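A.B. asks: Data: final-v9.pdb, PDB, C-alpha atoms and all ligand atoms.
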```
ATOM      1  CA  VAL A   1      -7.747  -1.624 -33.353
ATOM      2  CA  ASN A   2      -8.440  -4.252 -30.676
ATOM      3  CA  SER A   3      -9.058  -8.002 -30.614
ATOM      4  CA  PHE A   4     -12.797  -7.977 -29.832
ATOM      5  CA  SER A   5     -14.648  -9.864 -32.578
ATOM      6  CA  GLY A   6     -18.245 -10.378 -33.650
ATOM      7  CA  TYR A   7     -19.788  -7.349 -31.919
ATOM      8  CA  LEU A   8     -22.609  -5.164 -33.190
ATOM      9  CA  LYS A   9     -21.830  -1.440 -33.032
ATOM     10  CA  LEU A  10     -24.546   0.528 -31.229
ATOM     11  CA  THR A  11     -22.894   3.969 -30.982
ATOM     12  CA  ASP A  12     -19.499   5.601 -31.411
ATOM     13  CA  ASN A  13     -18.171   3.707 -28.366
ATOM     14  CA  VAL A  14     -20.702   1.012 -27.292
ATOM     15  CA  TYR A  15     -20.669  -2.482 -28.814
ATOM     16  CA  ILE A  16     -22.801  -5.525 -27.946
ATOM     17  CA  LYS A  17     -22.660  -9.299 -28.486
ATOM     18  CA  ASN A  18     -24.486 -12.484 -27.488
ATOM     19  CA  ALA A  19     -21.715 -14.142 -25.497
ATOM     20  CA  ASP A  20     -20.712 -15.675 -22.178
ATOM     21  CA  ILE A  21     -18.483 -13.063 -20.548
ATOM     22  CA  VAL A  22     -16.418 -15.859 -18.984
ATOM     23  CA  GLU A  23     -15.612 -17.409 -22.360
ATOM     24  CA  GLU A  24     -15.127 -13.975 -23.930
ATOM     25  CA  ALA A  25     -12.665 -13.009 -21.190
ATOM     26  CA  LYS A  26     -10.593 -16.187 -21.564
ATOM     27  CA  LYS A  27     -10.262 -15.520 -25.313
ATOM     28  CA  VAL A  28      -9.488 -11.786 -25.439
ATOM     29  CA  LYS A  29      -7.707 -11.402 -22.074
ATOM     30  CA  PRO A  30      -8.834  -7.756 -21.982
ATOM     31  CA  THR A  31      -7.137  -5.105 -19.915
ATOM     32  CA  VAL A  32     -10.361  -4.760 -17.892
ATOM     33  CA  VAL A  33     -13.249  -7.164 -17.324
ATOM     34  CA  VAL A  34     -16.161  -5.749 -15.333
ATOM     35  CA  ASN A  35     -17.728  -7.871 -12.610
ATOM     36  CA  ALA A  36     -21.362  -7.470 -11.549
ATOM     37  CA  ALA A  37     -20.330  -7.191  -7.903
ATOM     38  CA  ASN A  38     -22.152  -6.614  -4.634
ATOM     39  CA  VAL A  39     -20.890  -4.368  -1.838
ATOM     40  CA  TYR A  40     -19.524  -7.377   0.052
ATOM     41  CA  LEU A  41     -17.723  -8.790  -3.016
ATOM     42  CA  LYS A  42     -19.430 -12.125  -2.303
ATOM     43  CA  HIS A  43     -19.316 -13.700  -5.753
ATOM     44  CA  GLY A  44     -21.985 -16.326  -5.256
ATOM     45  CA  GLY A  45     -24.083 -16.308  -8.415
ATOM     46  CA  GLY A  46     -24.920 -14.543 -11.630
ATOM     47  CA  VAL A  47     -22.016 -13.034 -13.538
ATOM     48  CA  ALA A  48     -19.996 -12.715 -10.330
ATOM     49  CA  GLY A  49     -20.420 -16.363  -9.381
ATOM     50  CA  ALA A  50     -19.445 -17.473 -12.883
ATOM     51  CA  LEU A  51     -16.362 -15.246 -13.135
ATOM     52  CA  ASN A  52     -15.154 -16.338  -9.718
ATOM     53  CA  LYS A  53     -15.630 -20.020 -10.595
ATOM     54  CA  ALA A  54     -13.450 -19.492 -13.677
ATOM     55  CA  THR A  55     -10.655 -18.194 -11.388
ATOM     56  CA  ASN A  56     -10.864 -21.337  -9.229
ATOM     57  CA  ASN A  57     -12.075 -19.116  -6.320
ATOM     58  CA  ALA A  58      -8.953 -16.903  -6.418
ATOM     59  CA  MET A  59     -11.186 -13.888  -7.088
ATOM     60  CA  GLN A  60     -13.130 -14.617  -3.889
ATOM     61  CA  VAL A  61      -9.961 -15.074  -1.811
ATOM     62  CA  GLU A  62      -8.589 -11.741  -3.041
ATOM     63  CA  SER A  63     -11.966 -10.082  -2.503
ATOM     64  CA  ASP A  64     -12.260 -11.296   1.085
ATOM     65  CA  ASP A  65      -8.900  -9.717   1.879
ATOM     66  CA  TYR A  66     -10.008  -6.484   0.190
ATOM     67  CA  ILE A  67     -13.178  -6.305   2.316
ATOM     68  CA  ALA A  68     -11.335  -7.183   5.520
ATOM     69  CA  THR A  69      -9.036  -4.205   4.894
ATOM     70  CA  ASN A  70     -11.404  -1.653   3.371
ATOM     71  CA  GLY A  71     -14.967  -2.582   4.293
ATOM     72  CA  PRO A  72     -17.855  -2.832   1.838
ATOM     73  CA  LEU A  73     -18.174  -0.878  -1.359
ATOM     74  CA  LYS A  74     -20.925   1.676  -1.930
ATOM     75  CA  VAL A  75     -23.863   0.892  -4.182
ATOM     76  CA  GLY A  76     -22.836   2.682  -7.365
ATOM     77  CA  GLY A  77     -19.155   2.289  -6.481
ATOM     78  CA  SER A  78     -16.304   0.101  -7.646
ATOM     79  CA  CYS A  79     -12.836  -1.186  -6.958
ATOM     80  CA  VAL A  80     -10.033  -2.444  -9.200
ATOM     81  CA  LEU A  81      -8.656  -5.874  -8.334
ATOM     82  CA  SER A  82      -6.762  -8.543 -10.237
ATOM     83  CA  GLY A  83      -8.237 -10.088 -13.357
ATOM     84  CA  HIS A  84      -6.533 -13.384 -12.456
ATOM     85  CA  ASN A  85      -6.484 -15.715 -15.490
ATOM     86  CA  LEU A  86      -9.285 -13.779 -17.232
ATOM     87  CA  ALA A  87      -7.969 -10.227 -17.725
ATOM     88  CA  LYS A  88      -5.269  -7.911 -16.452
ATOM     89  CA  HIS A  89      -7.709  -6.219 -14.056
ATOM     90  CA  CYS A  90     -11.229  -6.805 -12.822
ATOM     91  CA  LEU A  91     -13.323  -3.701 -12.191
ATOM     92  CA  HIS A  92     -15.880  -4.788  -9.582
ATOM     93  CA  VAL A  93     -18.876  -2.469 -10.051
ATOM     94  CA  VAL A  94     -21.942  -2.457  -7.788
ATOM     95  CA  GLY A  95     -25.120  -1.680  -9.644
ATOM     96  CA  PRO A  96     -28.276  -1.409  -7.548
ATOM     97  CA  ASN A  97     -30.054  -4.690  -6.842
ATOM     98  CA  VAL A  98     -33.793  -4.128  -7.296
ATOM     99  CA  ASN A  99     -34.444  -7.369  -5.401
ATOM    100  CA  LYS A 100     -32.939  -5.588  -2.365
ATOM    101  CA  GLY A 101     -34.971  -2.398  -2.887
ATOM    102  CA  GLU A 102     -31.959  -0.367  -4.010
ATOM    103  CA  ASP A 103     -32.425   2.898  -5.893
ATOM    104  CA  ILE A 104     -32.334   2.478  -9.675
ATOM    105  CA  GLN A 105     -31.048   6.048 -10.104
ATOM    106  CA  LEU A 106     -27.726   4.690  -8.797
ATOM    107  CA  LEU A 107     -27.294   2.767 -12.059
ATOM    108  CA  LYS A 108     -25.889   5.878 -13.745
ATOM    109  CA  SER A 109     -23.344   6.306 -10.940
ATOM    110  CA  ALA A 110     -22.373   2.651 -11.371
ATOM    111  CA  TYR A 111     -21.734   3.069 -15.103
ATOM    112  CA  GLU A 112     -19.688   6.245 -14.486
ATOM    113  CA  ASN A 113     -16.966   3.979 -13.078
ATOM    114  CA  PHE A 114     -16.400   2.648 -16.602
ATOM    115  CA  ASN A 115     -15.170   6.087 -17.729
ATOM    116  CA  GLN A 116     -11.955   5.594 -15.750
ATOM    117  CA  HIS A 117     -10.887   2.881 -18.236
ATOM    118  CA  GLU A 118     -10.278   3.392 -21.940
ATOM    119  CA  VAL A 119     -11.571  -0.060 -22.991
ATOM    120  CA  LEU A 120     -13.650  -2.601 -21.039
ATOM    121  CA  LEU A 121     -15.415  -5.933 -21.461
ATOM    122  CA  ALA A 122     -18.582  -5.796 -19.380
ATOM    123  CA  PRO A 123     -22.020  -7.251 -18.677
ATOM    124  CA  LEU A 124     -25.123  -5.087 -18.409
ATOM    125  CA  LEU A 125     -25.172  -3.722 -14.859
ATOM    126  CA  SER A 126     -28.131  -4.478 -12.569
ATOM    127  CA  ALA A 127     -29.605  -6.973 -15.076
ATOM    128  CA  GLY A 128     -30.117 -10.679 -14.428
ATOM    129  CA  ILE A 129     -30.444 -11.523 -10.743
ATOM    130  CA  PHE A 130     -30.035  -7.846  -9.814
ATOM    131  CA  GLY A 131     -33.610  -7.421 -11.029
ATOM    132  CA  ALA A 132     -33.497  -4.348 -13.285
ATOM    133  CA  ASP A 133     -34.748  -4.142 -16.872
ATOM    134  CA  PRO A 134     -31.800  -4.949 -19.209
ATOM    135  CA  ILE A 135     -33.207  -2.656 -21.906
ATOM    136  CA  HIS A 136     -33.066   0.242 -19.452
ATOM    137  CA  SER A 137     -29.569  -0.739 -18.334
ATOM    138  CA  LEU A 138     -28.389  -0.604 -21.950
ATOM    139  CA  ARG A 139     -29.882   2.878 -22.348
ATOM    140  CA  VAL A 140     -28.101   4.157 -19.236
ATOM    141  CA  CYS A 141     -24.869   2.534 -20.413
ATOM    142  CA  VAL A 142     -25.003   4.237 -23.815
ATOM    143  CA  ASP A 143     -25.934   7.588 -22.248
ATOM    144  CA  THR A 144     -23.248   7.421 -19.512
ATOM    145  CA  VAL A 145     -20.174   5.530 -20.707
ATOM    146  CA  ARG A 146     -17.898   7.512 -23.016
ATOM    147  CA  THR A 147     -15.001   5.049 -23.140
ATOM    148  CA  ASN A 148     -15.034   1.961 -25.365
ATOM    149  CA  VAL A 149     -17.271  -0.723 -23.880
ATOM    150  CA  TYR A 150     -17.807  -4.236 -25.247
ATOM    151  CA  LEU A 151     -20.980  -5.689 -23.750
ATOM    152  CA  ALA A 152     -21.494  -9.444 -23.430
ATOM    153  CA  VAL A 153     -25.139 -10.529 -23.137
ATOM    154  CA  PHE A 154     -25.469 -14.172 -22.109
ATOM    155  CA  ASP A 155     -29.110 -14.773 -23.073
ATOM    156  CA  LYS A 156     -29.647 -14.984 -26.842
ATOM    157  CA  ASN A 157     -33.344 -14.076 -26.690
ATOM    158  CA  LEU A 158     -32.390 -11.031 -24.611
ATOM    159  CA  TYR A 159     -29.565 -10.041 -26.961
ATOM    160  CA  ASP A 160     -32.019 -10.061 -29.874
ATOM    161  CA  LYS A 161     -34.556  -7.923 -27.983
ATOM    162  CA  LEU A 162     -31.828  -5.478 -26.916
ATOM    163  CA  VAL A 163     -30.725  -5.058 -30.528
ATOM    164  CA  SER A 164     -34.202  -4.830 -32.053
ATOM    165  CA  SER A 165     -35.466  -2.365 -29.437
ATOM    166  CA  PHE A 166     -32.344  -0.185 -29.399
ATOM    167  CA  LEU A 167     -33.059   3.428 -30.258
TER     168      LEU A 167
HETATM  169  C1  LIG B   1     -27.170 -10.459 -15.645
HETATM  170  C2  LIG B   1     -26.604 -10.280 -17.088
HETATM  171  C3  LIG B   1     -27.216  -9.051 -17.762
HETATM  172  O1  LIG B   1     -25.236  -9.949 -17.034
HETATM  173  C4  LIG B   1     -26.655 -11.627 -17.982
HETATM  174  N1  LIG B   1     -25.710 -12.623 -17.394
HETATM  175  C5  LIG B   1     -24.459 -12.907 -17.966
HETATM  176  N2  LIG B   1     -24.047 -12.034 -18.962
HETATM  177  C6  LIG B   1     -22.843 -12.264 -19.562
HETATM  178  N3  LIG B   1     -21.956 -13.240 -19.342
HETATM  179  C7  LIG B   1     -22.381 -14.094 -18.360
HETATM  180  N4  LIG B   1     -21.663 -15.198 -17.932
HETATM  181  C8  LIG B   1     -22.388 -15.833 -16.917
HETATM  182  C9  LIG B   1     -23.569 -15.133 -16.712
HETATM  183  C10 LIG B   1     -23.601 -14.002 -17.619
HETATM  184  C11 LIG B   1     -26.499 -13.691 -16.724
HETATM  185  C12 LIG B   1     -27.905 -13.668 -17.328
HETATM  186  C13 LIG B   1     -28.054 -12.412 -18.210
HETATM  187  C14 LIG B   1     -29.369 -11.692 -17.857
HETATM  188  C15 LIG B   1     -28.270 -12.827 -19.674
END
```
Could you spell out this file's structure in structure tokens?
Ligand SMILES: CC(C)(O)[C@H]1N(c2ncnc3[nH]ccc23)CCC1(C)C

C.D. replies:
Amino acid sequence: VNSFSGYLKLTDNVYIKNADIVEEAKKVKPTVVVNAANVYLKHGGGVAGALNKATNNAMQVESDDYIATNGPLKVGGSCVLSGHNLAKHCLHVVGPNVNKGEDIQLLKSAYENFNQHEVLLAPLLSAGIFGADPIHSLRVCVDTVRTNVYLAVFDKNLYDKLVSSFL
């Protein structure tokens, strides 16, 4: 039993909700919140920009030190950093950005990072400003993640379409 509330159950381990991941994180304080990161951990917009804003830019400060030490992530890769005031940890995961021409096949690799954590609060990778089809992202998530994932979908019209079209 966990403290996530109001989710629809899609499969044995995948759950979904119309919610702002920022507000969800502040309520549950999950062990892991997933950020929709880029390889430079520049949290300027989308989910990443919103999460960072909620940390009063502390996420960006920590991220800049991480990049200065380690260099950029790989597309499809991840790193674990602090969750600041939102969660114990933030798993920064880089899904491919279609608006940069990045390979969509890398979306499965991106979701594989979730399997290193027993329970996660997450957005749909590569959706939104990353340019991929959120319906497809949900399919890859369900077919790749085996650990318990609680998906927050910000757009209500999209949440309804994701539910109604889910196979
Ligand atoms: C890009 C995507 C799939 O995560 C969705 N995004 C968010 N999902 C959850 N929590 C959020 N908080 C701030 C943004 C945000 C942004 C727009 C979207 C398409 C509905």

A.B. asks: So how far away is atom CA of residue A:84 from atom CA of residue A:28, in Å?

C.D. replies: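 Here the two named atoms are 13.4 Å from each other.
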
A.B. asks: Please put the answer as JSON: centre and edge lengths, in Å with one decimal, of a box along x, y and z that encloses all listed atoms of ligand LIG 1 (chain B) plus 8 Å on each side.

C.D. replies:
```
{"center_x": -25.5, "center_y": -12.4, "center_z": -17.7, "size_x": 23.7, "size_y": 22.8, "size_z": 20.0}
```

A.B. asks: Expand the PyMOL selection byres (((chain A and resi 39) around 7) and not hetatm) into the individual residues it matches in the shown file, reporting them as a ChimeraX atom specification.

C.D. replies: /A:37-38,40-41,72-75,94

A.B. asks: Could the residues that lie within 9 Å of ligand LIG 1 (chain B), counting all atoms listed in the file, be listed as a PDB file with C-alpha atoms, keeping the file's coordinate frame?

C.D. replies:
```
ATOM      1  CA  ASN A  18     -24.486 -12.484 -27.488  1.00  0.00           C
ATOM      2  CA  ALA A  19     -21.715 -14.142 -25.497  1.00  0.00           C
ATOM      3  CA  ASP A  20     -20.712 -15.675 -22.178  1.00  0.00           C
ATOM      4  CA  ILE A  21     -18.483 -13.063 -20.548  1.00  0.00           C
ATOM      5  CA  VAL A  22     -16.418 -15.859 -18.984  1.00  0.00           C
ATOM      6  CA  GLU A  23     -15.612 -17.409 -22.360  1.00  0.00           C
ATOM      7  CA  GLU A  24     -15.127 -13.975 -23.930  1.00  0.00           C
ATOM      8  CA  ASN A  35     -17.728  -7.871 -12.610  1.00  0.00           C
ATOM      9  CA  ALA A  36     -21.362  -7.470 -11.549  1.00  0.00           C
ATOM     10  CA  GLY A  45     -24.083 -16.308  -8.415  1.00  0.00           C
ATOM     11  CA  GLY A  46     -24.920 -14.543 -11.630  1.00  0.00           C
ATOM     12  CA  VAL A  47     -22.016 -13.034 -13.538  1.00  0.00           C
ATOM     13  CA  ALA A  48     -19.996 -12.715 -10.330  1.00  0.00           C
ATOM     14  CA  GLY A  49     -20.420 -16.363  -9.381  1.00  0.00           C
ATOM     15  CA  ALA A  50     -19.445 -17.473 -12.883  1.00  0.00           C
ATOM     16  CA  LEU A  51     -16.362 -15.246 -13.135  1.00  0.00           C
ATOM     17  CA  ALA A 122     -18.582  -5.796 -19.380  1.00  0.00           C
ATOM     18  CA  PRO A 123     -22.020  -7.251 -18.677  1.00  0.00           C
ATOM     19  CA  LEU A 124     -25.123  -5.087 -18.409  1.00  0.00           C
ATOM     20  CA  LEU A 125     -25.172  -3.722 -14.859  1.00  0.00           C
ATOM     21  CA  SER A 126     -28.131  -4.478 -12.569  1.00  0.00           C
ATOM     22  CA  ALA A 127     -29.605  -6.973 -15.076  1.00  0.00           C
ATOM     23  CA  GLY A 128     -30.117 -10.679 -14.428  1.00  0.00           C
ATOM     24  CA  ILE A 129     -30.444 -11.523 -10.743  1.00  0.00           C
ATOM     25  CA  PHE A 130     -30.035  -7.846  -9.814  1.00  0.00           C
ATOM     26  CA  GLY A 131     -33.610  -7.421 -11.029  1.00  0.00           C
ATOM     27  CA  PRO A 134     -31.800  -4.949 -19.209  1.00  0.00           C
ATOM     28  CA  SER A 137     -29.569  -0.739 -18.334  1.00  0.00           C
ATOM     29  CA  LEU A 151     -20.980  -5.689 -23.750  1.00  0.00           C
ATOM     30  CA  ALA A 152     -21.494  -9.444 -23.430  1.00  0.00           C
ATOM     31  CA  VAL A 153     -25.139 -10.529 -23.137  1.00  0.00           C
ATOM     32  CA  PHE A 154     -25.469 -14.172 -22.109  1.00  0.00           C
ATOM     33  CA  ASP A 155     -29.110 -14.773 -23.073  1.00  0.00           C
ATOM     34  CA  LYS A 156     -29.647 -14.984 -26.842  1.00  0.00           C
ATOM     35  CA  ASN A 157     -33.344 -14.076 -26.690  1.00  0.00           C
ATOM     36  CA  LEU A 158     -32.390 -11.031 -24.611  1.00  0.00           C
ATOM     37  CA  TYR A 159     -29.565 -10.041 -26.961  1.00  0.00           C
TER      38      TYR A 159
END
```

A.B. asks: With all atoms listed in the file as the basis for distance, which of A:79, A:93, A:59, A:149 is at the shortest distance from residue A:121?

C.D. replies: A:149

A.B. asks: Any chance you could work out the residue set of the PyMOL selection byres (((chain A and resi 3) around 12) and not hetatm) here, as a PyMOL selection string?

C.D. replies: chain A and resi 1-2+4-7+24-25+27-31+119-121+150

A.B. asks: For the provided coordinates, the residues matched by the PyMOL selection byres (((chain A and resi 12) around 10) and not hetatm) should be stated as a PyMOL selection string.

C.D. replies: chain A and resi 9-11+13-15+142+146-148

A.B. asks: With distances taken over all atoms listed in the file, which of A:163, A:135, A:80, A:140 is nearest to residue A:105?

C.D. replies: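 Residue with the minimum atom-to-atom distance to residue A:105: A:140.
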
A.B. asks: With only C-alpha atoms as the counted atoms, please give the residues lying no more than 7 Å from residue A:89, apart from itself and same-chain residues fewer than 4 positions off, as a list in words.

C.D. replies: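 Contacts, in chain order: residues 31, 32, 33, 80, 81, 82 and 83 of chain A.
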
A.B. asks: Select, from A:78, A:115, A:69, A:85, the residue with the minimum atom-to-atom distance to residue A:55, counting only C-alpha atoms.

C.D. replies: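 That would be A:85, the residue with the smallest distance to residue A:55.
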
A.B. asks: Mind pulling up the distance from atom CA of residue A:91 to atom CA of residue A:54?

C.D. replies: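 It comes out at 15.9 Å.
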
A.B. asks: With N, CA and C atoms as the goal, would you fill in the gaps in stretch 108-138 of chain A and present it as a CSV table (one decimal), keeping the file's coordinate frame?

C.D. replies:
```csv
chain,number,residue,atom,x,y,z
A,108,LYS,N,-26.8,5.0,-13.0
A,108,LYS,CA,-25.9,5.9,-13.7
A,108,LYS,C,-24.5,6.0,-13.0
A,109,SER,N,-24.6,6.2,-11.7
A,109,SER,CA,-23.3,6.3,-10.9
A,109,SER,C,-22.5,5.1,-11.1
A,110,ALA,N,-23.1,3.9,-11.2
A,110,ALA,CA,-22.4,2.7,-11.4
A,110,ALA,C,-21.7,2.7,-12.7
A,111,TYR,N,-22.4,3.0,-13.8
A,111,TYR,CA,-21.7,3.1,-15.1
A,111,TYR,C,-20.6,4.1,-15.2
A,112,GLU,N,-20.7,5.2,-14.4
A,112,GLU,CA,-19.7,6.2,-14.5
A,112,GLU,C,-18.3,5.7,-14.2
A,113,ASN,N,-18.3,4.6,-13.4
A,113,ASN,CA,-17.0,4.0,-13.1
A,113,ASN,C,-16.3,3.5,-14.3
A,114,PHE,N,-17.0,3.1,-15.4
A,114,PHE,CA,-16.4,2.6,-16.6
A,114,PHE,C,-15.6,3.7,-17.3
A,115,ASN,N,-15.9,5.0,-17.0
A,115,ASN,CA,-15.2,6.1,-17.7
A,115,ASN,C,-13.7,6.2,-17.3
A,116,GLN,N,-13.3,5.6,-16.2
A,116,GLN,CA,-12.0,5.6,-15.8
A,116,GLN,C,-11.1,4.6,-16.5
A,117,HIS,N,-11.6,3.9,-17.5
A,117,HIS,CA,-10.9,2.9,-18.2
A,117,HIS,C,-11.2,3.0,-19.7
A,118,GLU,N,-10.1,3.1,-20.5
A,118,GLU,CA,-10.3,3.4,-21.9
A,118,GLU,C,-11.1,2.3,-22.7
A,119,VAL,N,-10.9,1.1,-22.3
A,119,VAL,CA,-11.6,-0.1,-23.0
A,119,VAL,C,-12.0,-1.1,-21.9
A,120,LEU,N,-13.2,-1.6,-22.0
A,120,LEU,CA,-13.6,-2.6,-21.0
A,120,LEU,C,-14.5,-3.6,-21.7
A,121,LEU,N,-14.4,-4.9,-21.2
A,121,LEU,CA,-15.4,-5.9,-21.5
A,121,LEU,C,-16.3,-6.0,-20.3
A,122,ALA,N,-17.7,-6.0,-20.5
A,122,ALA,CA,-18.6,-5.8,-19.4
A,122,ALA,C,-19.9,-6.5,-19.6
A,123,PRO,N,-20.6,-6.9,-18.6
A,123,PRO,CA,-22.0,-7.3,-18.7
A,123,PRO,C,-22.9,-6.0,-18.5
A,124,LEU,N,-24.2,-6.2,-18.7
A,124,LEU,CA,-25.1,-5.1,-18.4
A,124,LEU,C,-25.4,-5.0,-16.9
A,125,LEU,N,-25.0,-3.9,-16.3
A,125,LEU,CA,-25.2,-3.7,-14.9
A,125,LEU,C,-26.6,-3.8,-14.4
A,126,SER,N,-26.8,-4.4,-13.2
A,126,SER,CA,-28.1,-4.5,-12.6
A,126,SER,C,-29.1,-5.4,-13.3
A,127,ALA,N,-28.7,-6.0,-14.4
A,127,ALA,CA,-29.6,-7.0,-15.1
A,127,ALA,C,-29.5,-8.3,-14.4
A,128,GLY,N,-30.2,-9.3,-15.0
A,128,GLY,CA,-30.1,-10.7,-14.4
A,128,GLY,C,-30.7,-10.7,-13.0
A,129,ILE,N,-30.0,-11.4,-12.1
A,129,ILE,CA,-30.4,-11.5,-10.7
A,129,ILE,C,-30.5,-10.2,-9.9
A,130,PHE,N,-29.9,-9.1,-10.5
A,130,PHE,CA,-30.0,-7.8,-9.8
A,130,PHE,C,-31.4,-7.2,-10.1
A,131,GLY,N,-32.2,-7.7,-11.0
A,131,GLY,CA,-33.6,-7.4,-11.0
A,131,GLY,C,-34.0,-6.2,-11.9
A,132,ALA,N,-33.1,-5.5,-12.5
A,132,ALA,CA,-33.5,-4.3,-13.3
A,132,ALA,C,-33.8,-4.8,-14.7
A,133,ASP,N,-34.4,-3.9,-15.5
A,133,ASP,CA,-34.7,-4.1,-16.9
A,133,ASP,C,-33.5,-4.0,-17.7
A,134,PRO,N,-33.0,-5.1,-18.4
A,134,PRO,CA,-31.8,-4.9,-19.2
A,134,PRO,C,-31.9,-3.9,-20.3
A,135,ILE,N,-33.1,-3.7,-20.9
A,135,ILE,CA,-33.2,-2.7,-21.9
A,135,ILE,C,-32.9,-1.3,-21.3
A,136,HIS,N,-33.4,-1.0,-20.1
A,136,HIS,CA,-33.1,0.2,-19.5
A,136,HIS,C,-31.6,0.4,-19.1
A,137,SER,N,-31.0,-0.7,-18.6
A,137,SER,CA,-29.6,-0.7,-18.3
A,137,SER,C,-28.7,-0.4,-19.6
A,138,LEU,N,-29.1,-0.9,-20.7
A,138,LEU,CA,-28.4,-0.6,-22.0
A,138,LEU,C,-28.5,0.9,-22.3
```
